[PDB]
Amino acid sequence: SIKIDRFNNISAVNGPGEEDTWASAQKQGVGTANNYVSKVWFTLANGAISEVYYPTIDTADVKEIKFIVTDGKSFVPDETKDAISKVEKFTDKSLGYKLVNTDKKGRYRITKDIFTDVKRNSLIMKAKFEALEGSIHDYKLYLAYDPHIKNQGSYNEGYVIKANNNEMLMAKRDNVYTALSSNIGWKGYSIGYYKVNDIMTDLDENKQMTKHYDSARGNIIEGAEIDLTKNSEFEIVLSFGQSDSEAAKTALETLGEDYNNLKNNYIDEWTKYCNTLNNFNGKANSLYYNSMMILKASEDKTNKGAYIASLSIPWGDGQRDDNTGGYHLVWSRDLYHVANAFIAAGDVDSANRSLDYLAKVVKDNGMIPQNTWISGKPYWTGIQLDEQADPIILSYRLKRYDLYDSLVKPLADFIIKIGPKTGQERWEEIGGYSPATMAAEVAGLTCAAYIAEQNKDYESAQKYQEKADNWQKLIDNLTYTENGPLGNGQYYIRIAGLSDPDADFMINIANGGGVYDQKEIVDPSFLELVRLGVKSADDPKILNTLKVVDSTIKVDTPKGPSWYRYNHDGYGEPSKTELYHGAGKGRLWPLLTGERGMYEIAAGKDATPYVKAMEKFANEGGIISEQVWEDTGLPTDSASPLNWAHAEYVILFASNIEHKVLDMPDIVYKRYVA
């Protein structure tokens, strides 16, 4: 098809380069074409493109793609740390992004347009450089591509080719190839070793490109100078392929297309999807649409239904670039909630697609594993009973009684075989009797019985409901303490280590949280009892727990109220200037703000302030993180966007309008709470 010419004139020296890391998990935006053809996902952080995925949503191939500007004399500022970035989407109904990075010293201004090719596997970035002060002739612009092909930064192979007289910077590892090209070509290129002789180091030592290596292997950085005199506004394209030819050809095809045409096609495809969702009598707002799009963009395009928790690697800029699943893995719990958001938005198709994925997972593993790669292969192996129950609950709500033999029955039988105690509760750290987990188990088994009757399996139905009723009746006896050290000493505890919530029992908190008596730990997750319809919102035991929870783990931030997952949580940054590396201090979860909002609705109260609080917790790109700081309410370096938190916002937003808990299974509610 095309003519490619590979050359090796000068090989980078002093390899293999320094160890690298992943990008900051705080994202300004994320996106992908709304079709299964273009298997490319991108994320933005610190004013630049961060991780890029291909060919699957759990395969990150890039760390960064940023600009370095210099006067070729004194300064060398990195836009990702020396410029203020402002982000905005092309429109309220498209995951296209416009970044405007203005030098902290007001010397330059870089504006970018980022999105993908709806027809091919390539990422597009239109950029224009502006000299705020002085002449554009006094500045040099350099692009720095940091590849981490197939989930690893080490041993990346870099070289340069020319496809149809087009100099493209190539990067490869195993079967994944990337091609970096410019619509106006490169004024100069080089493939050096990270922190050794890469573009960044070269510029810090010469204030201008000195090395011009065209080959390297290891932790590499593909640098290239942009010819400003030729054009201050250019187009950069990053293409993927299973070979040099494919990748390079894809880059040529995208570049040969009309920019505005590709941009509009990308925007329209997303606008079409948005306009397919409920707008709640014109009430639907930008965050609603932003959330739903983000959820839609979190599905793998090969293994449909596989929705990941988050398209980021938490505290990634603090972890070695080794192969990690980060949060781009599939959790039955998170998917369940994401499915409910789709349901509430009107996109029942996505929800069903996710349910079928779970069916697949169950078929391959005989049960629901803690979490799995999109392939369905288990990542971690803890035994979470709520994750065994959620897919059953979803089956009921989607009225997919056809999945009884392959999904419901096997999961229900499993649950009855090991329940009600769980290997670990929803925070994935400790086992025992958890009110949140038991709530899910009772709701799950109730749903299982309903589906069993639909399949005329009255025997199983009876067996399922009896177990559900028995466990429903034991919740208080197993998890409600009346001998607690907090408040009036009466409340649901986070988790009972044994069949006696009043007894003394020491538990070990994860992430270095310490050791405490079970009765000392409270968790807002108890609200799952009312959320699932297992307990009434006005149940005095619920009200009593609420008092203790708000007295011990509620924080009113300048953005609104939020809660900790539980007292002594250590899953977070240890300090304002340190990243999480296994042990720190858990922070506030906007996810829990929404959950409280949903409880308030069940209690017949206005949840508007909770809706507003979540909106304020969102960053400039309308993205909600897993955790926020107590003092400012701003995002931490935890995962973002946290799809579960976005799903919660959608359901809360809609529920606050409809004045009812939209995701509560009526069958359970009418049997235990009504």
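The first residue of the shown sequence is 1; numbering continues from there.
For the segment pair 556-564 and 112-120, the entry gives 112-120 the higher mean B-factor, averaged over Cα atoms. As the entry records it, the average C-alpha temperature factor is higher for 277-285, out of 277-285 and 425-433. Of all the options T229, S525, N290, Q370, the entry's greatest CA B-factor is assigned to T229.
For the set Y259, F414, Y97, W331, the PDB entry assigns the largest Cα B-factor to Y259.
Compared with the other modelled residues of the chain, the Cα B-factor recorded for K207 ranks in the highest third. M598: CA B factor in the lowest third of modelled residues in this chain (values from the PDB entry).
Sort the chain's modelled residues by C-alpha temperature factor and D569 lands in the lowest third, per the entry. Residue-level temperature factors show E441 in the lowest third of its chain, judged at the C-alpha atom. For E387, the recorded CA temperature factor ranks within the lowest third of the chain's modelled residues.
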